[PDB]
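Heads up, the thing below is written out as structure tokens.
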Amino acid sequence: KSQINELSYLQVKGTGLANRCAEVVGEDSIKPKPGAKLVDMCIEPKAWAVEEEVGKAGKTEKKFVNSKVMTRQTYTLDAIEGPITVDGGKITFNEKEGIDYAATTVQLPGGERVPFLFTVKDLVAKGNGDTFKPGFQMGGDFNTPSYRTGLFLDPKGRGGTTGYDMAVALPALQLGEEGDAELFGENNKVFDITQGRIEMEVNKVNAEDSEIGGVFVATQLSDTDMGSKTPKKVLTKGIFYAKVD
Amino acid sequence: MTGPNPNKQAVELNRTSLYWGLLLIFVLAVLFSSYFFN
Amino acid sequence: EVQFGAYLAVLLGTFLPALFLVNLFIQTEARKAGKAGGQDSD
Amino acid sequence: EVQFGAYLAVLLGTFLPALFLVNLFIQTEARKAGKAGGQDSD
Amino acid sequence: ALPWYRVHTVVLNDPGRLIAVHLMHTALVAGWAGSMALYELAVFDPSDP
Amino acid sequence: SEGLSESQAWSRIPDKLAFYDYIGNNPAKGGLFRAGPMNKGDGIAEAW
Amino acid sequence: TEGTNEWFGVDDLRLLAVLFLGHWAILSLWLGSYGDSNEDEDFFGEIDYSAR
Amino acid sequence: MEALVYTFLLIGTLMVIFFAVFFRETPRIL
Amino acid sequence: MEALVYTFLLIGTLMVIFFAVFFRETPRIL
Amino acid sequence: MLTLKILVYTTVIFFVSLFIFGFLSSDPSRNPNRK
Ligand code: CLA
Ligand code: CLA
Ligand code: CLA
Ligand code: CLA
Ligand SMILES: CCCCCCCCCCCCCCCC(=O)OC[C@H](COP(=O)(O)OC[C@@H](O)CO)OC(=O)CCCCCCCCCCCCCCC
Ligand SMILES: CC1=C(/C=C/C(C)=C/C=C/C(C)=C/C=C/C=C(C)/C=C/C=C(C)/C=C/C2=C(C)CCCC2(C)C)C(C)(C)CCC1
């Protein structure tokens with residue numbers, strides 16, 4: 001936005017403006033060139049829901065339960081860029097660089113904390129049509145990397161590419177032919193890459209600034225903790241902004 | 001603090017009552033232990 | 001396999017009411033010794 | 001999982017030495033009440 | 001020389017200490033109700049109603 | 001009566017209603033020294 | 001917003017109102033003993049034992 | 001392990017019976 | 001379940017401190 | 001949140017002003033020698 005660029009760093013810091021997306025003014029149309037490229041795509045989640053079996057009035061349907069963020073204002077992706085490829089009919093976007101991941105922890109009713117890497121990493125997003133419109137819909141799959149890298153050590157000093165490979169505080173478990181096979185899933189730290197799905201939807205286009213902006217809805221899986229727990233499905237909604245060039 | 005209380009009495013338990021109560025608590029413990037342990 | 005809370009229920013259910021009665025008997029004899037007036041009263 | 005005998009070791013290790021000292025204090029006050037000679041001596 | 005089963009009759013004609021002895025029963029009953037509910041919340045599983 | 005099969009009729013029964021029709025939820029089926037929750041007896045119920 | 005540079009943490013004027021009203025309330029009690037006190041009454045000690 | 005509790009309660013009951021008989025308060029006249 | 005024992009021991013210790021302060025034997029001269 | 005902030009600000013300025021005007025309440029004279 002032009003308003004945010006008018007401010008100093010000292011006027012913004014502490015206020016929480018730096019975690020917000022820019023709002024776009026106007027309904028116009030942008031037709032992307034062959035060398036077109038989204039540059040500073042901001043993606044701000046504003047709602048978080050984790051799927052869990054709930055006991056509503058008499059049955060046990062699956063519901064996305066609204067959850068509260070506890071990692072305070074670190075969740076918004078920004079500076080996402082990548083070329084806009086014009087196909088025969090449709091317009092596609094392949095994100096390449098930028099801060100395209102944000103570790104977020106939400107808390108479920110009951111005290112259950114659900115960490116997840118909110119990401120758009122390796123997003124290939126197919127659109128409908130050839131120009132950016134106030135009814136344009138872009139969407140596609142992305143790759144969710146594992147929330148912990150293989151360098152992450154657990155409380156007992158075990159990790160994927162570093163660490164102990166045994167429960168080292170229980171040395172008598174390494175005895176007999178079976179060994180520590182009952183503790184294999186906790187000693188074997190596995191880097192897992194899952195898939196997520198985001199559906200963006202442009203509703204405001206500023207042609208003089210070459211800026212688009214609308215809403216999205218994304219679903220992905222949460223942290224598996226190196227393959228030690230079963231991940232939960234996390235549904236998120238919010239606002240995005242981008243500049244088209 | 002108000003005055004010294006004039007209702008203050010002494011408490012007694014003679015040796016017979018001690019043996020009767022020690023027997024009662026041990027026998028109730030003997031009786032009910034098998035049920036508590038289940 | 002027996003219930004593990006029953007070890008607490010039996011042993012505290014024995015000892016605490018038994019030591020209450022041992023407490024009551026001992027202070028009865030100490031009160032008689034104090035009123036007797038000799039060598040045990042102090 | 002914790003050791004199940006520790007519930008006995010902590011709770012009898014608390015209550016039985018505490019009730020021994022409560023026993024000693026109460027008979028000290030009862031012996032003073034018997035020697036005092038009035039309404040609490042009997 | 002009260003017997004053990006008559007020890008609480010010392011507040012029979014002491015209305016100030018009868019109030020005090022009823023406030024202590026009230027403290028123990030309310031303290032039971034607060035701590036029984038805290039124990040029950042520590043072991044309740046509110047996931048499948 | 002409204003044109004459903006036997007399998008479709010019985011799938012409409014809520015599991016909360018079927019759980020009440022089970023003798024382990026009878027309060028006159030316990031014991032004086034069988035201590036603890038009802039889940040300590042038969043387990044935690046999972047599925048009809 | 002906690003890292004922003006507000007006077008006494010006052011970001012809403014509710015907080016300014018309760019700071020005044022809280023401080024003026026004990027002031028008004030304190031003026032019940034030390035209002036109507038003469039300004040020209042001095043002393044030449046290290047400590048004054050004037051009145052109540 | 002509960003037979004340790006069962007033995008201690010029975011032997012403890014017999015020790016009370018021993019002290020109730022041989023350490024009894026002797027009935028005295030006058 | 002052992003946190004019940006840990007809480008009871010700490011709260012029981014603070015109750016002794018309460019009675020040691022407010023139900024103390026008052027030091028008296030003569 | 002901001003209702004709690006009113007309550008804490010009211011509470012802190014209450015006890016701080018008791019501290020301030022109490023030590024302004026001729027506090028050196030409150031000694032057992034005189035007054
Ligand atoms: C910020 C809020 C505030 C508060 C809390 C007060 C408080 C007070 N002002 Mg006020 N004042 C204020 C702002 C405030 N002022 C403002 C903005 C103005 C306009 C500028 C004034 C203008 C003003 C004037 C002109 C005067 C006061 C006076 C007073 C005092 C009343 C006199 C008294 O002590 O009799 C008692 C007051 C009562 C209301 C009766 C209360 C009775 C209770 C029960 C206590 C009685 C004792 C009881 C037996 C046992 C105690 C228990 C109890 C404390 C719980 C009182 C301390 C008078 C004063 O300070 O004299 C020098 C006075 O003359 N005020
Ligand atoms: C609100 C009900 C209530 C109240 C205020 C009283 C009050 C009294 N009773 Mg009565 N009584 C009651 C109900 C009540 N009783 C009930 C339900 C029964 C049938 C069990 C009796 C049968 C009875 C008899 C036979 C006698 C009394 C006596 C007394 C007096 C002295 C009690 C004493 O010093 O024992 C002191 C108690 C102890 C030292 C320890 C007792 C330990 C018990 C047996 C087990 C532990 C109790 C447990 C901690 C509490 C569980 C809570 C539960 C009650 C909800 C006192 C006026 C006596 C009397 O008349 O005095 C002249 C007397 O001889 N009561
Ligand atoms: C009105 C009284 C009352 C009732 C109806 C209940 C009911 C319940 N309690 Mg609660 N509870 C109570 C008071 C009560 N409580 C009190 C006063 C305490 C503090 C001591 C507790 C502390 C407590 C805990 C920690 C737990 C319960 C639990 C339960 C549930 C399971 C019951 C069970 O399995 O018992 C088992 C059966 C018995 C205990 C038998 C009763 C005693 C028999 C009649 C013998 C009588 C005593 C005997 C004569 C003396 C022994 C002799 C001695 C010398 C050894 C049930 C809903 C459990 C639960 O499910 O929570 C989630 C549980 O874990 N209760
Ligand atoms: C000696 C100990 C002491 C201390 C530490 C305090 C501390 C405080 N008092 Mg003070 N107070 C005291 C004694 C004390 N008081 C005494 C003895 C009196 C006389 C009875 C007062 C009368 C008093 C009043 C009436 C007020 C305070 C306020 C305050 C707070 C000021 C907030 C601040 O610093 O912003 C710094 C403030 C500024 C930078 C602005 C002031 C500068 C202005 C622009 C200059 C203008 C001068 C003057 C205000 C107007 C001219 C007219 C005047 C000469 C008649 C602070 C908590 C006030 C408050 O803010 O409550 C929250 C308030 O309204 N006090
Ligand atoms: C958390 C706190 C929990 C508190 C619980 C602790 C308090 C519980 C203990 C109190 C009970 C005391 C009973 C004392 C016992 C005792 O004091 O008796 C003596 C007593 C008679 O007392 P007197 O009037 O002679 O007075 C003498 C006085 O010194 C007594 O204080 O009798 C009674 O109390 C009534 C009859 C009870 C009779 C008891 C017999 C029991 C039968 C035994 C069954 C066993 C054999 C069976 C084999 C089949
Ligand atoms: C033992 C113990 C404890 C405790 C502690 C303590 C001891 C406390 C105390 C406390 C206290 C010590 C309290 C008090 C209270 C008080 C009050 C609460 C008061 C009030 C007051 C007021 C309110 C006033 C008013 C006024 C007036 C009257 C006039 C002038 C003005 C004014 C307004 C100021 C604990 C917990 C640690 C635990 C351990 C043990």
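Just the heavy atoms: all of them, side chains too, but no hydrogens, waters or symmetry mates, feed the values below. Below, chain A is the first sequence line, B the second, and so on; all start at residue 1.
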query = Going through the checks in order, is the side-chain contact (heavy atoms from CB on, under 4.5 Å) test met by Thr3(J) and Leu7(J)?
reply = CA-CA 6 Å; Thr3(J) 303; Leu7(J) 168 78; over 6 Å; no
message = Go through it in stages, so that I can follow the logic: the residues are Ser29(A) and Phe132(A), the test is side-chain contact (heavy atoms from CB on, under 4.5 Å), and I'd like the CA-CA distance, side-chain angles, deciding distance and then a yes or no.
response = CA-CA 6 Å; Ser29(A) 289; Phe132(A) 290 111; over 6 Å; no
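- Pairing each heavy atom of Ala242(A) with each of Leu38(A), the nearest pair is CB-CD2, 3.8 Å.
- Using modelled atom types, one side-chain atom of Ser146(A) and one backbone atom of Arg148(A) make a donor-acceptor pair closer than 3.5 Å.
- Remark: side-chain polar atoms of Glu97(A) are not paired, donor with acceptor, to backbone N or O of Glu81(A) under 3.5 angstrom.
- Classification of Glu51(A) and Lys62(A) as a salt-bridged pair holds, one side-chain N sitting under 4.0 Å from a carboxylate O.
- Taking 4.0 Å as the cut-off between side-chain N and carboxylate O, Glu52(A) and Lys63(A) do not count as a salt-bridged pair.
- With ring centers used as reference points, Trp48(A) lies under 6.0 Å from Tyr75(A).
- Of the possible donor and acceptor atoms, one in the side chain of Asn39(F) sits under 3.5 Å from a partner among the backbone N and O of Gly43(F).
- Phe19(J) is linked by a side-chain contact (heavy atoms from CB on, under 4.5 Å) to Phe23(J), counting only residues two or more places apart in sequence or in another chain.
- Salt-bridge check for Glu199(A) with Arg197(A): passed, with a basic side-chain N closer than 4.0 Å to an acidic carboxylate O.
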key: Stepwise salt bridge (charged side-chain N to carboxylate O under 4.0 Å, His left out) check, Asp130(A) with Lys90(A)   = CA-CA 5 Å; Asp130(A) 43 5; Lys90(A) 302 308 181 130; over 6 Å; no
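- Taken to the nearest 0.5 Å, the CD atom of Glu46(F) stands 11.5 Å off from the OG1 atom of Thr60(A).
- Of the N and O atoms on the side chains of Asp45(E) and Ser47(E), at least one donor lies less than 3.5 Å from an acceptor on the other residue.
- Between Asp154(A) and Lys156(A) there is no salt bridge, since no side-chain nitrogen of the basic residue lies less than 4.0 Å from a carboxylate oxygen of the acidic one.
- By the 4.0 Å N-to-carboxylate-O rule, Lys232(A) lies too far from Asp223(A) to be salt-bridged with it.
- No side-chain donor-acceptor contact under 3.5 Å links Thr162(A) to the backbone of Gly159(A).
- No more than 12 heavy atoms of other residues, nucleotides or ligands sit less than 6.0 Å from atom CG of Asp21(F).
- Side-chain atoms of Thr105(A) never come within 3.5 Å of backbone atoms of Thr71(A) as a donor-acceptor pair (strictly under, hydrogens ignored).
- In this structure, the ring of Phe14(J) has its center no less than 6.0 angstrom from the ring center of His23(G).
- Scanning both residues, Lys96(A) and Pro83(A), for their nearest heavy atoms gives CG-CD, 3.8 Å.
- At least one donor-acceptor pair under 3.5 Å links the side chain of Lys189(A) to the backbone N or O of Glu186(A).
- Residue pairs meeting the salt bridge (charged side-chain N to carboxylate O under 4.0 Å, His left out) criterion with at least one member in residues 17-31 of chain G: none, sequence neighbours excluded.
- Using a 4.5 Å heavy-atom threshold, the side chains of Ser26(J) and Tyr34(G) count as touching.
- Contact annotation: the side chain of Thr76(A) approaches that of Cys42(A) to within less than 4.5 Å [non-hydrogen atoms, C-beta and beyond].
- Considering every non-hydrogen atom in both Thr1(G) and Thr15(A), the closest pair reads CG2-O, 3.5 Å.
- Between the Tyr101(A) side chain and the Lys121(A) main chain, no donor and acceptor come within less than 3.5 Å of each other.
- Remark: the backbone N or O of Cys21(A) is paired with a side-chain donor or acceptor of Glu44(A) at under 3.5 angstrom.
- Side-chain contact between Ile99(A) and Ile80(A) is absent, with no heavy atoms from C-beta onward closer than 4.5 Å.
- Between atom CZ of residue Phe21(J) and atom OG of residue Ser28(G) there is a gap of 8.5 Å, rounded to the nearest 0.5 Å.
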In a table with atom names and distances, give each donor-acceptor pair under 3.5 Å that connects a side chain of residues 204-220 of chain A to protein atoms at least two apart or in another chain.
residue   : atom : partner   : partner atom : Å
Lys204(A) : NZ   : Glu27(A)  : OE1          : 3.0
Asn206(A) : OD1  : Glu208(A) : N            : 3.4
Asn206(A) : OD1  : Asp209(A) : N            : 2.9
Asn206(A) : ND2  : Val25(A)  : O            : 2.7
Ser210(A) : OG   : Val244(A) : N            : 3.1
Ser210(A) : OG   : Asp245(A) : N            : 2.9
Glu211(A) : OE2  : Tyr241(A) : OH           : 2.7
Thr219(A) : OG1  : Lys233(A) : NZ           : 2.8
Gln220(A) : OE1  : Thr119(A) : N            : 3.4
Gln220(A) : NE2  : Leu117(A) : O            : 2.5

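- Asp180(A) and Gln174(A) share a side-chain donor-acceptor pair at under 3.5 Å.
- In this structure a side-chain-to-backbone donor-acceptor pair under 3.5 Å is missing from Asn187(A) to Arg158(A).
- A side-chain donor-acceptor contact under 3.5 Å links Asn128(A) to the backbone of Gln137(A).
- The distance from the OG1 atom of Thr194(A) to the OH atom of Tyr147(A) is 13.5 Å, given to the nearest 0.5 Å.
- In this pair, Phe20(G) and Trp24(G) present their aromatic rings tilted. The plane angle is within the 30 to 60° band.
- Within the 4.5 Å cutoff, the side chain of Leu15(G) has heavy atoms near those of the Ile6(J) side chain.
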task = Go through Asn188(A) and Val190(A) one step at a time and tell me if the side-chain contact (heavy atoms from CB on, under 4.5 Å) criterion holds.
result = CA-CA 6 Å; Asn188(A) 206 52; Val190(A) 187; 3.5 Å; yes
key: Stepwise side-chain contact (heavy atoms from CB on, under 4.5 Å) check, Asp100(A) with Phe142(A)   = CA-CA 11 Å; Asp100(A) 46 358; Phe142(A) 51 88; over 6 Å; no
